[PDB]
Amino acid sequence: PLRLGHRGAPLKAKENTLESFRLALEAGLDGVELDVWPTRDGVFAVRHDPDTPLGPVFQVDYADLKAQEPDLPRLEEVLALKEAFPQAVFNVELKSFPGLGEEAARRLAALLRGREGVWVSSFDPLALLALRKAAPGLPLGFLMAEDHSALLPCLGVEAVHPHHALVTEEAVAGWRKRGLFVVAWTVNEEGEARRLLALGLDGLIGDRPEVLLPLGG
């Protein structure tokens, strides 16, 4: 299964920073998950929190956020790591300012046109619908904090990204019936990691590379 670094390797370097992503890949992980929010000027800032010292991300220009936060990456810079790690995959989680999700989705779709080794996930069903319409060939995943599997038949997604607590033998059987790729999060314990892999999951997103590395055989 895919061993993915949550925001890179968050315990080795600050989460969602270029250094973190690089360290996660140097550790031997198959890829990384990264959080993005659109800035006022349409740049996808790589960070988890939508609130900044200058206000919400969508109300601030990237250059201003960068002056305030010098280590704040923009999406293209993280994806550029594929040059050093050609086999690495990137899971971009598009974070919606619900109601602003569709517009952000259309902007992200255009940016990722024809890009390989990347798939986008989101907790926002509306953003996923917009993404699929704007970029039919872009792989997508539906993030779920609670079991909202009922929406899967209406979403154009190749994967489901359930919180690990939602992963049970019966839930997995349901996702398999639909031929979905299952990636759990956020797995930082060996015990839980082995419970999930025993169920046949296709990927795990976690904060500790050491826990994920030995998984898969």
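Numbering starts at 1 and runs along the sequence shown.
Chemist: Identify the stretch, either 190-198 or 17-25, whose C-alpha atoms have the larger mean B-factor according to the entry.
Modeler: Looking at the record's C-alpha B-factors, the answer is 190-198.
Chemist: Mind pulling up the entry and telling me whether 93-101 or 131-139 has the higher mean Cα temperature factor?
Modeler: Mean B over CA atoms: larger for 93-101.
Chemist: Could you tell me which one of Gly42, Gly31, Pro162, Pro53 shows the highest CA temperature factor in the PDB record?
Modeler: Of the candidates given, the C-alpha B-factor peaks at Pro53.
Chemist: Whose C-alpha has the highest temperature factor in the PDB entry: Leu126, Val118, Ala109, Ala84?
Modeler: In this record, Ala84 carries the highest C-alpha B-factor of the candidates.
Chemist: Relative to the other modelled residues in the chain, which third contains the C-alpha temperature factor of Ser149: lowest, middle or highest?
Modeler: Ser149: CA B-factor falls in the lowest third of its chain.
Chemist: Name the third of the chain's ranked CA B-factors that contains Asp64, choosing lowest, middle or highest.
Modeler: Answer is lowest: the recorded C-alpha B-factor places it there.
Chemist: Going by the CA temperature factor in the PDB record, which third of the chain does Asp49 belong to: lowest, middle or highest?
Modeler: Middle third - that is where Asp49 ends up once the chain's C-alpha B-factors are sorted.
Chemist: Test of reading the entry: by CA B factor among the chain's modelled residues, which third contains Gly203?
Modeler: For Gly203, whose C-alpha B-factor we compare with every modelled residue in the chain, the answer is the middle third.
Chemist: Relative to the other modelled residues of the same chain, rank the CA B-factor of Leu215 and answer lowest, middle or highest third.
Modeler: As the PDB entry reports it, the C-alpha B-factor of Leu215 lands in the highest third of its chain.
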